[PDB]
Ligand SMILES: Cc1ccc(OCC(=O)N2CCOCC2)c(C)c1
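Below you will find one chain, with nothing else, as C-alpha cells; this is the form solved without the named molecule, and questions on how it binds or moves follow later.
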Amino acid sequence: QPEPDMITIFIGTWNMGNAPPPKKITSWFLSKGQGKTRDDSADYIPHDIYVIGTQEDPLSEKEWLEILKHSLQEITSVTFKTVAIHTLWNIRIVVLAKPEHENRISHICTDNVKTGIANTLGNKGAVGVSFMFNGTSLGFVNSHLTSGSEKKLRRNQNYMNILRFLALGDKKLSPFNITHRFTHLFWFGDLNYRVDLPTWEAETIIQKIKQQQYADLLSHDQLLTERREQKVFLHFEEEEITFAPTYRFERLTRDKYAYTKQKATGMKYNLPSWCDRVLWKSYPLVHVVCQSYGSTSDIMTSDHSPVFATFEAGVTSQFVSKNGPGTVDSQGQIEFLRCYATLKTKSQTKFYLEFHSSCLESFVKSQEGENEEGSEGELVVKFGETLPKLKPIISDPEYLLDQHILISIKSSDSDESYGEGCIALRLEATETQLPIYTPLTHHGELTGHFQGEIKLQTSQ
C-alpha cells in the first residue's frame, strides 16, 4: 500500500448559538449550499481528515462525537477514528481521520488560549490541535474572537494573543510560534469581523444579499480590510467569498437576517456579516489548493450558518535511508551565500541566526553578523559567506527538495528572537547559487526581511 503524496482535509466552523443541532447535518460535510461547493460526483469519497470547530457548543464531547461519526458513516460508510478533541468553555475542536491513517498520525498535541482580562476573560479564546501525518506537520486553530462591530482592534489583539500563546507542534522549535511550526496551518472560527457600513444601511445590505451582489459588502468586511492593511493574519490566505453572510439569522429559517438592536444584544446592531471564516498558511512551494468554501443553507438551529472549506494538501513520506535518520548523509549540504537580514528594530545589539529543520539532527547557531546602517534608517545585519554549512540527515533529492529551513534572528544580549521566517529547499537547480528570501515576523508582525543566496548539494 503506497504512502500518499496528497490528502484532502475538511475544515468546518459553526457557531451553534447554544442550541442542539438538527437531526441531519450531512450537507455541511458534503460542502453543499452556497459559495464554492463540492461536485455531487464526490459525495461518497471520504476526506482523509475532518476538522470540526464549534463555538457556543451546548453538547458534551460524547454527544457531539456521536453525531459527527454517525454523520460521516452515513455519507461514506467509513467509521472514522478520533484523533483529538479539545474544548475550552463552549469552543471545541474535533479531528477525525480515516482508519487507514491511524499509524500515519503521531505527535498529537492540544492546547487552548483564553483571551482578554477580568471583564473580557471568561468565554472567548481558541482551541487547537496539531499532529504529524507521515513527514508533514499539520496545525488547526478554532478561535471565537471578541464580538461587536466596533471591536475590530480587540479581535486583532485576540489573534496576536492566540498565535503567541497557543503551544502546539514541536516544542524544540522554541523561537517559533504556531505561524511557523507547521507545513500547513488552518485557522478558522467565529472570528466575528463585521461588514462595516452604517446602521441606517441595514435594509440596503439585505437587498444586496437577496441579489447575490456581495462586492460592495466584501469591500467593507473588516477581516479583508484589516488583512489588506497588515493588521492581522499576515501571510495567511483565504479563498474568495461567494456565499451570503453567515450571521445573524432568525433561527429555523434562512429567509431573515435579525440585525436590529435588542436588550439580548446589549443594544447593538448585528448587520449581516461574514463572522465565520477559514484561513490557512502553508510553507512556501508546498501544494495546497482550496476545493470548496461555502455555507450550508439547510441547517437553521443557530443564528449562524455552518461554513465548510476543503483542501488538497501535499504530504511527504516518513523517509528512511541507509544513513539518516541517526547519522548525517555526507553527500548532502546546504550553503548560504551573501546573506543579510534587514530589521525594523531601533536596538543596537549584535545578532546571530538559528537554522531549524527536521532535515537537521539539531538546530544550528551561526556566528554574529556585522551590523551596518541602511540608506533609509534601517538595521542591516550582514552574514556574508560566514554562515555554517548545514548537514542534512538524508541527501536523497526526493527528500531534501521537499524540506524547509526555519530561520530565527536572535539578539546576542538577550537570546530573544527579533524575527522568524522560512526558506523552501524546492529549488530550480542543485549545486547552483540561487536567490532566497523570506519576510521575518515576530509575534506574527513584520519585523524585517532575510535574503541571500543558497547552494544545495543532494546525492544527484
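The numbering used is simple: start at 1 and walk along the sequence shown.
Note that the form solved in complex with the named molecule isn't included here; everything after this is about it.
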Open or blocked: the named molecule, posed as in the deposited complex, superposed onto this form via site C-alphas, with 3 or more ligand atoms within 2.4 Å of backbone or C-beta counting as blocked? open
In the deposited complex, which of 257-265, 194-202, 309-317, 102-110 comes within 4.5 Å of the named molecule (heavy atoms)? 102-110
Using a 4.5 Å cut on heavy atoms, which of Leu379, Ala84, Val364, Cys290 is close to the named molecule in the deposited complex? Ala84
